[PDB]
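Everything below concerns the one structure shown next.
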Amino acid sequence: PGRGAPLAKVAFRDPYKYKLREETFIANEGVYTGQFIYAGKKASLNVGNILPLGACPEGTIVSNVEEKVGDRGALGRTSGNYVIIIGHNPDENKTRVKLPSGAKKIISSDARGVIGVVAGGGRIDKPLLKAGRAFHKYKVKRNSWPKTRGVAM
Amino acid sequence: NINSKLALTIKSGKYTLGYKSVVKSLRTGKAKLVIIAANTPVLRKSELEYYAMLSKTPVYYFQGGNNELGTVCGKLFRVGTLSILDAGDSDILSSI
Amino acid sequence: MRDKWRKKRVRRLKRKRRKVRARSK
Amino acid sequence: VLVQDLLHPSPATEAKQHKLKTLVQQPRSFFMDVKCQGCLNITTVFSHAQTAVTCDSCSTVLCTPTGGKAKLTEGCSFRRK
Amino acid sequence: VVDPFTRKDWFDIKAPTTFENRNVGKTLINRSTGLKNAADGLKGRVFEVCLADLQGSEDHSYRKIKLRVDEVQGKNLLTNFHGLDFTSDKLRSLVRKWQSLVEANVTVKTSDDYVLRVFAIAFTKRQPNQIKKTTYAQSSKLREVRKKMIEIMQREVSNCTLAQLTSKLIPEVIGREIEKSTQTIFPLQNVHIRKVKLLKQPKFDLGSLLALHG
Amino acid sequence: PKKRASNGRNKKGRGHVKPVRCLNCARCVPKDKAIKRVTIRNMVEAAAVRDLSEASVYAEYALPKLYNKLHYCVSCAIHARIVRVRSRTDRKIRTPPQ
Amino acid sequence: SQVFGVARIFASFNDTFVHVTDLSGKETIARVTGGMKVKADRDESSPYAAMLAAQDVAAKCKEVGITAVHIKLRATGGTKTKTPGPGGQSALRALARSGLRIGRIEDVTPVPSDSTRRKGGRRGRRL
Amino acid sequence: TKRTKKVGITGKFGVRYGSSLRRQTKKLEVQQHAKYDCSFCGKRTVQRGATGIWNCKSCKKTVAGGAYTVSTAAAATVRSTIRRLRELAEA
RNA sequence: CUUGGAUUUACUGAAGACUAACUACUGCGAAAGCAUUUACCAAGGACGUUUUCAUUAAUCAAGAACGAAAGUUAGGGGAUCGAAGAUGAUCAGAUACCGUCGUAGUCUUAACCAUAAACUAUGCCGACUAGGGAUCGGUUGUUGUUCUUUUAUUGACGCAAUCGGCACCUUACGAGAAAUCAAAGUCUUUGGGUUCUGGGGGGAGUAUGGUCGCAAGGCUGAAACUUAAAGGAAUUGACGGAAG
Ligand SMILES: [Mg+2]
Ligand SMILES: [Mg+2]
Ligand SMILES: [Mg+2]
Ligand SMILES: [Mg+2]
Ligand SMILES: [Mg+2]
Ligand SMILES: [Mg+2]
Ligand SMILES: [Mg+2]
Ligand SMILES: [Mg+2]
Ligand SMILES: [Mg+2]
Ligand SMILES: [Mg+2]
Ligand SMILES: [Mg+2]
Ligand SMILES: [Mg+2]
Ligand SMILES: [Mg+2]
Ligand SMILES: [Mg+2]
Ligand SMILES: [Mg+2]
Ligand SMILES: [Mg+2]
Ligand SMILES: [Mg+2]
Ligand SMILES: [Mg+2]
Ligand SMILES: [Mg+2]
Ligand SMILES: [Mg+2]
Ligand SMILES: [Mg+2]
Ligand SMILES: [Mg+2]
Ligand SMILES: [Mg+2]
Ligand SMILES: [Mg+2]
Ligand SMILES: [Mg+2]
Ligand SMILES: [Mg+2]
Ligand SMILES: [Mg+2]
Ligand SMILES: [Mg+2]
Ligand SMILES: [Mg+2]
Ligand SMILES: [Mg+2]
Ligand SMILES: [Mg+2]
Ligand SMILES: [Mg+2]
Ligand SMILES: [Mg+2]
Ligand SMILES: [Mg+2]
Ligand SMILES: [Mg+2]
Ligand SMILES: [Mg+2]
Ligand SMILES: [Mg+2]
Ligand SMILES: [Mg+2]
Ligand SMILES: [Mg+2]
Ligand SMILES: [Mg+2]
Ligand SMILES: [Mg+2]
Ligand SMILES: [Mg+2]
Ligand SMILES: [Zn+2]
Ligand SMILES: [Zn+2]
Ligand SMILES: [Zn+2]
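Which chain is which? The protein sequence lines are P, S, B, Y, H, R, A and W, in order.
Heads up, the first sequence is in the UniProt record's numbering, so the first residue is 52 and it goes up one at a time.
Heads up, the second sequence is in the UniProt record's numbering, so the first residue is 11 and it goes up one at a time.
Heads up, the third sequence is in the UniProt record's numbering, so the first residue is 1 and it goes up one at a time.
Heads up, the fourth sequence is in the UniProt record's numbering, so the first residue is 2 and it goes up one at a time.
Heads up, the fifth sequence is in the UniProt record's numbering, so the first residue is 20 and it goes up one at a time.
Heads up, the sixth sequence is in the UniProt record's numbering, so the first residue is 2 and it goes up one at a time.
Heads up, the seventh sequence is in the UniProt record's numbering, so the first residue is 6 and it goes up one at a time.
Heads up, the eighth sequence is in the UniProt record's numbering, so the first residue is 2 and it goes up one at a time.
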């Protein structure tokens with residue numbers, strides 16, 4: 052609730068103790084229940100896998116990209132949005148990407164991202180048609196609706 | 011091309027359609043070939059080819075799904091797998 | 001006058017009739 | 002030419018005509034007896050064959066179909082029937 | 020007010036040993052100061068010199084070579100191969116009417132991992148006894164010729180280093196092999212490698228370059 | 002009435018031909034209709050071909066030619082005398098002038 | 006033998022550029038245009054102005070040490086005309102007659118392997 | 002019989018909100034209430050939960066999709082691009 | 001726009017378009033249309049055929065599919081050109097022609113629109129009437145030619161036939177008012193089959209009704225009134241800021 056993007060619950064094994072760890076990822080479109088998700092430097096280029104930015108060739112579409120190494124995802128997290136990898140600078144270990152706003156950013160090549168587009172896109176294509184629809188939309192987001200015009204006060 | 015050869019076997023020979031019939035036909039050794047649709051679950055697939063390995067039966071992997079495999083056999087339903095009991099006028103067995 | 005511009009003149013004048021007639025819809 | 006024997010055209014000029022434009026249309030194709038070099042077995046083959054004909058004894062292709070007349074393989078001699 | 024030419028230092032440009040006349044010419048640059056060395060701002064320069072000049076013979080008058088400087092040793096500039104191109108007038112003199120033009124290109128890497136794009140061009144040849152006005156090849160033959168060009172450039176580049184290939188380009192080895200290989204497809208004339216582009220270079224090896232300079 | 006049997010172009014058995022821009026006025030003209038002249042001129046005028054050969058550092062260096070293909074529309078070409086008005090019977094002649 | 010520069014001559018129909026660089030072309034030795042020799046716009050591309058422009062370039066070349074040049078003549082190119090302007094022929098003859106030695110000559114006019122749209126409109130420039 | 006000439010599913014909105022908004026709603030609301038073909042079992046049993054969530058009744062496989070369709074065109078483009086870029090990297 | 005370094009020059013990068021030269025009285029498609037390579041997908045004409053079915057057909061109100069450009073709706077893109085708009089010129093005036101900017105548009109994805117001098121201003125099917133040289137595709141017989149590779153079973157070229165095309169040249173049996181036409185001929189010696197349209201010029205593709213369209217508009221479509229001409233082809237002349 053409050054999110055246009057669906058979330059995926061993915062279960063991993065703990066490498067050091069006998070326990071299951073459930074992670075909450077932002078679901079990329081095409082990810083299914085029972086799918087194997089591979090995360091790491093040596094992960095393969097498959098939809099839903101989590102890879103460092105340097106391991107992805109130019110033109111790779113990626114989502115939930117880390118702004119800084121290990122922050123677990125900052126960029127391109129809303130439904131239908133994604134990040135395009137523009138190019139690499141291996142000498143400085145840096146990668147150039149294009150953000151959903153159209154801005155180009157330089158990130159460490161060790162930063163991670165999830166291959167694909169965030170699911171739920173095209174949500175904005177439909178009119179809300181009613182004040183009640185917006186009421187229910189913001190009922191699980193925050194108290195920012197409705198807005199009185201300052202010129203009317 | 012392989013579709014034309016398979017259609018002749020359905021018209022003239024003997025066959026069973028479906029997972030339960032195929033496993034029975036692998037147990038009795040009456041299967042000459044096992045055809046598995048592309049979208050069949052791997053667990054059922056990896057089990058069907060373990061039965062064929064034990065039964066010494068060649069397996070052909072159809073390139074389409076169980077919707078396309080059914081219509082190739084002239085059926086109005088979905089066929090996830092089938093076994094050829096008697097290749098008749100066709101030479102599908104000679105083409106694997 | 002040019003035949004092409006005469007057609008445009010009538011089309012613009014047809015447009016006016018429709019807007020004028022719409023008053024009494 | 003105002004006067005001309007339409008019923009008895011010159012057979013030389015009659016043969017240059019298209020196959021449908023003769024007095025009586027007649028195919029220019031024929032059937033052949035083909036000897037492959039490997040063995041000796043009469044096999045009747047159409048001159049304009051569309052099939053890769055194989056002799057019964059050994060499964061070796063005798064001819065390959067083309068746009069017009071079929072092309073006999075090397076070592077194969079034909080005699081018109 | 021200052022005459023900026025009083026502060027310029029001249030350097031000599033040396034071509035690799037693959038060519039004959041290795042004394043290409045002279046260039047200049049702002050003299051080396053404390054803040055900026057002349058050497059670092061001088062590497063990366065590209066010189067375009069006619070191949071007929073690098074070999075003396077006028078038979079190479081229609082090809083012009085780009086030489087890239089990537090090491091400076093005092094007043095000498097150690098250049099490397101940077102690209103190949105035809106002169107504009109030669110190409111315009113080859114493209115006549117009543118004949119077919121066929122082109123092909125392929126991206127291929129050498130033994131030492133030099134990524135190149137190589138452009139091949141050829142024209143249909145009129146037979147000595149030909150009577151008809153035009154000399155056109157059917158599109159199926161052109162696809163086979165284009166296919167034949169690509170597999171020859173791919174084969175003759177990936178199996179050798181860039182220096183041997185440079186020695187291959189000068190006598191039109193690839194162009195002569197394409198003409199020979201397409202004899203059974205269609206008669207061809209003016210088979211040329213009309214342009215070569217360096218796209219990617221391997222990690223710099225000064226020792227390998229120094230071997231190309233004596 | 003119909004002035005020319007070719008309609009002033011070279012389109013037969015075709016629906017549409019993509020246009021080209023006139024060299025002189027940049028008017029869009031169909032490729033078959035444009036008056037096209039192929040010129041291969043010496044790059045150096047004949048007055049200067051001697052002193053430039055003497056100034057050449059190369060003994061026996063052949064001066065390159067200048068290759069160009071010019072496309073003109075009907076108004077530009079007629080104005081520039083590239084083509085001229087011919088008599089009613091002389092219009093049919095389409096061999097190159099001798 | 007000789008010391009070569011590169012005389013990059015850009016001859017449009019409104020002006021004439023006589024530009025001599027080094028072999029790389031990254032270093033400019035002398036750039037005199039036909040517009041620096043006349044005060045009328047209509048003859049910035051005149052043959053007379055191009056000859057004067059070339060002489061100033063040749064004089065500048067001599068005091069720096071350039072004794073020979075290669076010629077790379079170009080027209081406007083791009084979507085516009087590919088034929089060189091009237092001053093390009095004069096600047097070449099003036100350079101040869103000024104004691105400078107001439108090397109290779111090439112046309113390097115920008116020619117498209119296709120073309121973006123050209124100005125003037127569908128109907129051309131109506132005069 | 003045919004009940005509505007053109008409004009279709011948007012007849013629930015009556016005369017309100019404007020025709021342009023209603024015909025834009027009709028296009029996307031047919032897509033979100035449709036049944037789609039399952040890529041796993043082959044049946045046409047896939048329906049939407051919330052946006053981006055598409056479940057199959059038969060094999061009980063849920064896949065993340067678009068807001069109003071199981072797959073958007075951008076994802077289909079990305080799927081082939083990733084497939085293509087994967088081939089070159091793995092030779 | 002420029003000493004705040006313009007223009008120019010070399011090297012490098014990014015964006016969108018677009019496919020130059022090859023390119024033609026050449027090819028393909030129902031038409032609109034189609035020009036970088038390769039891969040994949042499904043089509044198509046012609047030719048060859050001693051294969052197969054046997055009248056299944058020809059043209060078609062109604063009704064469908066497609067339909068340049070421009071234009072509309074919503075995203076994306078927005079390099080270049082560029083309606084509108086703004087500007088510098090010119091002029092007596094110039095909202096224009098010329099010059100500089102420039103928004104929609106131009107590109108693309110989902111839908112709309114359904115019009116062009118959408119032209120060959122020339123319906124389709126069938127038969128016949130005349131010669132010639134070229135050309136594209138296919139097939140069949142044959143070289144003082146070049147080439148695989150040294151030759152064939154390589155491919156190119158050359159010479160003949162043929163079917164089909166895109167056309168062209170000559171003639172006028174014949175047609176036409178003529179310009180011209182191998183169809184615009186086989187029409188007072190008037191009938192092979194069939195679809196559509198016109199009836200002096202305007203008013204007028206206007207008004208109205210219907211119908212399609214978000215709109216712009218599309219399709220269908222009068223009447224009053226007015227008039228002796230309007231128009232086609234060609235001839236002579238006159239004139240032309242057309243050529244010789
Ligand atoms: Mg955060
Ligand atoms: Mg509130
Ligand atoms: Mg408010
Ligand atoms: Mg507000
Ligand atoms: Mg108040
Ligand atoms: Mg099933
Ligand atoms: Mg009013
Ligand atoms: Mg071959
Ligand atoms: Mg006239
Ligand atoms: Mg046609
Ligand atoms: Mg048209
Ligand atoms: Mg047209
Ligand atoms: Mg013309
Ligand atoms: Mg000027
Ligand atoms: Mg100027
Ligand atoms: Mg001045
Ligand atoms: Mg002044
Ligand atoms: Mg170029
Ligand atoms: Mg502009
Ligand atoms: Mg004029
Ligand atoms: Mg009811
Ligand atoms: Mg590009
Ligand atoms: Mg062609
Ligand atoms: Mg091209
Ligand atoms: Mg109709
Ligand atoms: Mg359009
Ligand atoms: Mg359109
Ligand atoms: Mg448009
Ligand atoms: Mg838009
Ligand atoms: Mg204006
Ligand atoms: Mg004014
Ligand atoms: Mg019409
Ligand atoms: Mg026309
Ligand atoms: Mg032929
Ligand atoms: Mg014979
Ligand atoms: Mg061969
Ligand atoms: Mg061959
Ligand atoms: Mg009447
Ligand atoms: Mg009337
Ligand atoms: Mg009226
Ligand atoms: Mg309406
Ligand atoms: Mg008249
Ligand atoms: Zn045999
Ligand atoms: Zn023009
Ligand atoms: Zn399912």
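Ideal Cβ placement from N, Cα and C applies to all residues, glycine included.
- Under the Cβ distance rule, P/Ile137 does not count among the residues neighbouring chain W, no pair being separated by less than 7 Å.
- Interface annotation, H/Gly44: in contact with chain A, CB-CB separation under 7 Å.
- Contact annotation: the segment 45-64 of chain A does not touch the segment 84-94 of chain R, with fewer than three C-beta pairs closer than 8 Å.
- Cα atoms of A/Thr72 and A/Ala99: separation of roughly 15 Å, rounded to the nearest angstrom.
- Neighbours of W/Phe41 across chain S, judged by C-beta separation under 7 Å: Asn49.
- In the three-state DSSP reduction, S/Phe72 falls in the coil class, being neither helix nor strand.
- Assignment of beta-bridge partners to A/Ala96 by DSSP yields no partner.
- Of all C-beta pairs linking the segment 32-40 of chain S to the segment 48-56 of chain S, fewer than three are shorter than 8 Å, placing the two stretches out of contact.
- Between H/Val114 and H/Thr126 the beta-carbon gap is near 24 Å, outside 8 Å, which marks them as no contact.
- The segment 53-63 of chain R makes no contact with the segment 11-25 of chain R, as fewer than three CB pairs between them are under 8 Å.
- For P/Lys149, the closest Cβ of chain W is not nearer than 7 Å.
- Counting of Cβ neighbours within 10 angstroms places P/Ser152 among the exposed residues, the total staying below 16.
- Non-local beta-carbon contacts of A/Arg128 in its own chain, meaning distances under 6 Å to residues more than five positions away in sequence, are absent.
- Under DSSP, the beta-bridge partners assigned to W/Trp55 are W/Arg49 and W/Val64.
- A check of alpha carbon separations from A/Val113 across H/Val137, H/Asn124 and H/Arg111 identifies H/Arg111 as the nearest.
- Assignment of H/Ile193 by DSSP, reduced to helix, strand and coil, places it in the helix class.
- Going by beta carbons, S/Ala62 and S/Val44 fall inside the 7 Å limit.
- An exposed status is given to Y/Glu15, since fewer than 16 other beta-carbon atoms sit within 10 Å of its beta-carbon.
- DSSP places S/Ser65 in the helix class (H, G or I) of the three-state scheme.
- For P/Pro57 and P/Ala125, the gap between their C-alpha atoms comes out near 16 Å.
- At least one beta carbon of chain H lies nearer than 7 Å to the beta carbon of R/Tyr68.
- For Y/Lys72, same chain residues with a beta-carbon under 7 Å away, outside a window of 5 residues either side, are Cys64 and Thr65 in chain order.
- For W/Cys42, the three-state secondary structure derived from DSSP is coil.
- With a cut-off of 8 Å on Cβ pairs, the segment 34-47 of chain R is in contact with the segment 70-85 of chain R, counting three or more such pairs.
- Counting only Cβ-Cβ distances below 9 Å, H/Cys69 has contacts in chain A at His75, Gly108, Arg109 and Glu111, in chain order.
- Under the three-state reduction of DSSP, P/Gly105 is assigned to helix.
- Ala27, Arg28, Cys29, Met44, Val45 and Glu46: these are the residues of the segment 27-47 of chain R whose beta carbon lies less than 8 Å from some beta carbon of chain A, given in chain order.
- Contact between the segment 65-80 of chain W and the segment 164-171 of chain P is present: three or more C-beta pairs spanning the two stretches fall below 8 Å.
- Between A/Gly90 and A/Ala45, the gap from beta carbon to beta carbon reaches 7 Å or more.
- Set against 6 Å, the gap from the CB of H/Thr201 to the closest heavy atom of ligand 36 is not smaller.
- Under a criterion of Cβ atoms nearer than 8 Å, the residues of chain R adjacent to A/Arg128 are, in order, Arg28 and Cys29.
- A Cβ closer than 6 Å to some heavy atom of ligand 14 marks a residue here, and those residues are A/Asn19, A/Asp20, A/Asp46 and A/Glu49.
- Each residue's CA atom was taken as its position, placing P/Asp65 and P/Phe87 some 16 Å apart.
- In chain order, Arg98, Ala101 and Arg102 make up the part of chain A whose C-beta sits under 8 Å from the C-beta of R/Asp52.
- In the structure shown, H/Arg174 adopts helical secondary structure according to DSSP, grouped into three states.
- For the segment 67-78 of chain W, residues whose beta-carbon sits nearer than 8 Å to a beta-carbon of chain P comprise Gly67, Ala68, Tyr69, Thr70, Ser72, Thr73, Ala75 and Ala76.
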